[PDB]
């Protein structure tokens, strides 16, 4: 089958970076065209009971801040096998068990700048959608509880330019209207900032959906990092969102924050970021949503890494607020 998500967002950002020209360049109206096409299939092999699965998804065809055009293979693209008894195995490019909870529900709406790829820790907090990955997603035991487990090569190892690697695990338990979530990720042999790091991230969170129309999520994230010369970094983060869905409408309030980074026991001044976000969504069709969204990003004010040079963060480019309306359609 061919499948797609046609997704367009008109988003205006007003920055406050401390440079008028920098504010002028990064800000303005842009279209974030995240439409993507994919191919997918199953097949019952004659000489193997579990059903073979495969998918090839293209990338965003024209995101904001990027040029036009995407290749086949940039998003979830894999082969694998599935059995009703033991779940699903997937080889290729997939989401890490940790990242999947970081992205949904905890990065929506527009909380990603802070809670996804934001943060100041050194090394690699976790991977987000990684090539060279093998991932097991177990079935929902007793229609209540599931496990996600994966190991894979690192970014540099996937180019023959390193020996980075990672493992991760996540679990979910459904308890009536609430679901409890726990996730872990460990990255190893990460070459960055002239050092080599080991990262360890842990996540717990809760999601709730109620018959009266209130739904919410709340997540707590703890990331540790250790350099090979003995430096240690630790950072805390959280994410929460509250939603009331009535009729064709979903009202959403979102909050996520990173707290000050602690290096060798010393708290670093102004290494926290946070975002507050409100979003109105309209179910215009069983296959599409319209939405309007406003959010304010207050980013960290800077920090140096372990090479005495500036360490890049989602805050480097400056604080900004964003107003956006959009559409997403699935087929």
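Numbering follows the first chain given and starts at 1.
- According to the PDB record, 258-266 carries the higher mean C-alpha B-factor of the two stretches 258-266 and 279-287.
- Stretches 87-95 and 237-245 differ in mean CA B factor, with 237-245 having the higher one.
- Out of 60, 39, 52, 299, the entry records its largest CA B-factor for 299.
- If you compare the C-alpha temperature factors of 165, 78, 141, 184 in the entry, 141 comes out highest.
- For residue 293, the recorded CA B-factor ranks within the middle third of the chain. Only modelled residues enter the ranking.
- In this PDB entry, residue 69 carries a Cα temperature factor that places it within the middle third of its chain's modelled residues.
- Ranked against the other modelled residues of its chain, the C-alpha B-factor of residue 303 as given in the entry falls in the highest third.
- For residue 9, the recorded CA temperature factor ranks within the lowest third of the chain's modelled residues.
- Among the modelled residues of its chain, residue 130 has a C-alpha B-factor that falls in the lowest third according to the deposited record.
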